[PDB]
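Below: the structure, in structure tokens.
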Amino acid sequence: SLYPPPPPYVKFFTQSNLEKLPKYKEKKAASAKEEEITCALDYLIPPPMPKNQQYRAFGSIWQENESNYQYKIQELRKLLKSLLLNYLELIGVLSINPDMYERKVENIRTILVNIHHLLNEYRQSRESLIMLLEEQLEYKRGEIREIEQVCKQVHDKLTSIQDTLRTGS
Amino acid sequence: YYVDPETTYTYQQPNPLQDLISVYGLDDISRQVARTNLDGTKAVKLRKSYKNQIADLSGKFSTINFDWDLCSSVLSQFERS
Amino acid sequence: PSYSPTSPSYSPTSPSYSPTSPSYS
Amino acid sequence: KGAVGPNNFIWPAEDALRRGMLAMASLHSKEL
Amino acid sequence: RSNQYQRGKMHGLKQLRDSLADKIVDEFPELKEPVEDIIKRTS
Amino acid sequence: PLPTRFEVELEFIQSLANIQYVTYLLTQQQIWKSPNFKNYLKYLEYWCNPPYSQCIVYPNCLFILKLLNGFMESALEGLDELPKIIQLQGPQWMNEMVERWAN
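Protein sequences, first through last, are from chains C, B, L, G, U and H.
Residues 11 to 43, 55 to 84, 106 to 109, 111 to 166, 169 to 214 (UniProt numbering) make up the first sequence, in order.
Residues 15 to 78, 132 to 148 (UniProt numbering) make up the second sequence, in order.
Counting from 1561, one number per residue, gives the positions in the third sequence under UniProt numbering.
Counting from 172, one number per residue, gives the positions in the fourth sequence under UniProt numbering.
Counting from 106, one number per residue, gives the positions in the fifth sequence under UniProt numbering.
Residues 18 to 92, 100 to 127 (UniProt numbering) make up the sixth sequence, in order.
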């Protein structure tokens, strides 16, 4: 069907199984002193994390104070200059002998592809943390400073009123 | 990065910039069936098909294992009848 | 003429009961 | 919107679940 | 007509790359040397 | 190879985010009638803590199951209103998820 069937073990665990789970896990721990499914109550025991700390799904694999970059910068600049130079040479190829133009085209793309690699090491979450950091920091400083400004102006008004009433005495 | 002094590209031959008709001395037929003469006047009247190449021959072209002796004898007998 | 028209009694909140099953190829 | 790009949706894809190994796992639930 | 188109596009491309080489030399003198070699690679 | 129970339970949790899946599951009588399914739903609650929450792909179902948790004391009735209510309350629920995680 369109919707896959519920998992099979879901139907094994009734309320009685839930209430008898404590004694079952106590007995299992006492006896113990891929997990084989010898009893229907085994699944409620929390599954163990794989030792390799890896998870595979759909053909793809998955697994501290914030809780020479100049070399990369100059590499990027020289790569951009070489990319412009190669673009000029490739368009010249198109001009004179376009029949073999593709011979350079993908080459240029490789440099562009390398640029993407040069982005990968530069990857930005810390920079986003920084920018959010300063925006809420400056917002709270603005709120604070307007607080002492308003309380100070109220105090100044109170002192002026006190002087006015003392003069009228 | 891709600047390779060892990689040299030669001029495409023949060069389209030059007069490709006169490269191999191929001007005679082109002049023979040229659109216009050197003065620009029309040389000959132009048309489509091969019909006018047979007009000199006699005729009115308004709309455009084996025994030969035995067949000839059969035709002779048929005509004589 | 027409004494009174009918009040709109649409029920878009009705979930419908269309059976879906021939999705797998 | 008209171009169905793979592996980038807001919600889990129905085709992703169909192609996921859970489908055959449910089919092979007897083998489990 | 095709030959005239070819010649016109060749002239256009030639002026394109001449102007591009000239300006790349102008604003980027450090890349001037390869650009001429690029011409040597093309012409 | 045969996937482990981790993979199938995680895929079930992430598929619970679909409104069509929830509507289909609640359409059948015996799914809600059987206490086994709700027992499994309450068992699934323990994935809201790390490091399990780091393995999720769509955080919305995190509330949905919790919303489904509410369904055991709110009633089946309300199944028809489920798509409308999720569409209407998507903004504030996304905001509260962001507050729970992004802050």
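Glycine is no exception: its CB is placed at the ideal position from the N, C-alpha and C atoms.
- Of the candidates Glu132/C, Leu123/C, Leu174/C and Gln169/C, the residue whose Cα lies closest to the Cα of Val156/C is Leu123/C.
- Here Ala61/C is exposed. Its C-beta has fewer than 16 other C-beta atoms within 10 Å.
- At a cut-off of 8 Å between beta-carbon atoms, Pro1575/L makes contact with chain H.
- CA-CA distance, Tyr15/B to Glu132/C, rounds to 12 Å.
- Assigned with DSSP and collapsed to three states, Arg77/C falls in strand.
- Identification of chain L residues near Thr21/H by a Cβ-Cβ cut-off of 7 Å yields none; the smallest Cβ-Cβ distance measures about 25 Å.
- Taking 8 Å as the upper bound for CB-CB distance, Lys147/C and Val136/C are in contact here, some 6 Å apart.
- Following the DSSP letters along the chain, one finds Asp208/C inside the alpha helix (DSSP H) bounded by residues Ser170 to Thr212.
- When rounded, the separation of the alpha-carbon atoms in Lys65/B and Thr50/B is 23 Å.
- Taking a cut-off of 8 Å on C-beta distances, the stretch 34-43 of chain H touches the stretch 76-88 of chain H, as three or more cross pairs fall below it.
- Contact annotation: in the stretch 121-132 of chain U, no residue has its CB less than 7 Å from a CB in chain B.
- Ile81/H is classed as buried because its beta carbon has at least 16 other beta carbons within 10 Å across all chains shown.
- A Cβ-Cβ distance of about 6 Å is found for the pair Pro183/G and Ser32/H, placing them in contact under the 8 Å criterion.
- Remark: fewer than three beta-carbon pairs, one from each stretch, lie closer than 8 Å, so the stretch 109-118 of chain H and the stretch 55-64 of chain H are not flagged as touching.
- Among the residues of chain H, those whose CB is under 8 Å from the CB of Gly191/G are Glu28, following chain order.
- With contact defined as three or more Cβ pairs closer than 8 Å, the stretch 14-22 of chain C and the stretch 43-54 of chain H are in contact.
- Boundaries of the alpha helix (DSSP H) around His116/U: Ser107 to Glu132.
- Neighbours of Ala194/G in chain C, taken as residues at a C-beta separation under 8 Å, are given in chain order as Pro14.
- Under the 8 Å criterion on CB atoms, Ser11/C is classed as interfacial with respect to chain L.
- Inter-residue distance for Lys128/U and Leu119/C is about 22 Å (C-alpha atoms, whole angstroms).
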